[PDB]
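So this first bit is one chain, no partners, the form deposited in one PDB entry, shown in structure tokens.
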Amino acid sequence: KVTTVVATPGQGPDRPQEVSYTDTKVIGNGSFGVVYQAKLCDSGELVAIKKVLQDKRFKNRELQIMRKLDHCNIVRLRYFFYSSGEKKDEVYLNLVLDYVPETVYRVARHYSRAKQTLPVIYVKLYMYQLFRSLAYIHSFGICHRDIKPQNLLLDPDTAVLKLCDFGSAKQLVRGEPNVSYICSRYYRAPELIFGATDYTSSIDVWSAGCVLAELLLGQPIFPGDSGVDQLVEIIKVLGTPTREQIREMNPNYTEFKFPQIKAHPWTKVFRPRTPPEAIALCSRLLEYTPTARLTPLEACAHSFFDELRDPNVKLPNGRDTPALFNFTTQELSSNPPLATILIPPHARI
């Protein structure tokens, strides 16, 4: 049947509207709640509806976060409404997000099964947009804490990427502790493994470097089997951290003695044909020292993305490249002057 609810626009005036949807169906389940997919009856558009059980007393981290966000590389919150909870002090929040069935994961797994590697052009396009979204959400102090191929939505025709699933996201406040066992194993930063609770949103950059590395290699770079095996996988490439590095990751972790293993060459981590600049970029993302990782903006401005800033550039299918330089003040806040490097003089309006 055709469901109709009174919802509030995600980005926009707090005044409700009716909203009817149909062809609803569960596509995901878990601890977080339930996710459905449906079609809008007046927009035709397909959307995803995440239904979470919320405690009335408190606000909903995810809802609050999605409301500040209005960026082109971030899944848009169309509407949101509530549902009758069962236990008097509980409600079901219904985030009506945008639906895209394609993910950088599916795509990547596609090429992987076809034994070949993803085209460099796409690796630059995807990673680029990923960083902008990171730069944007970080500018608010928001950390996604769950960056991975599966949470990266794609438009197969436009080549546009959107960050999604802010279920683990959180507005970070220095001095206030954050859970250390957060983020999907394969993408979890070293400091999280070492028990850090005073970490920063730079754990998202470590994760991005992992996604990048994964696109270059054809499979995740650090496929640890547990928390301890994760560090072992990391050590296999970066070797063991120096005391200075350990202090940086976790000021409160102490190990009086441990065997020191050196790092392997990045040039050998990847296949021989891997573009050098992708490796270079990757080495500045997968660092033990959190503060040493490139910031999203610095990364967007990296030499690896130079080709995206070229006027002639086009997609392998003659199509145009999505909006890559429509940076806002918010988005540039961390280092406004970099704006002159990110924005090609051939894009200035």
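Don't overthink the numbering: it's just position in the shown sequence, from 1. Only the largest set of C-alpha atoms that superpose within 1.5 Å between the two forms is called the rigid core.
Missing here is the form deposited in another entry; even so, the following discussion is about that form.
Shown in the overlay between this form and the one not shown, fitted on the rigid core, is a CA shift at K56 of 2 Å or greater. Once you line up the core between this form and the one not shown, the Cα of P290 stays within less than 2 Å of where it was. For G30, a C-alpha deviation of 2 angstroms or more is recorded between this form and the one not shown after rigid-core alignment.
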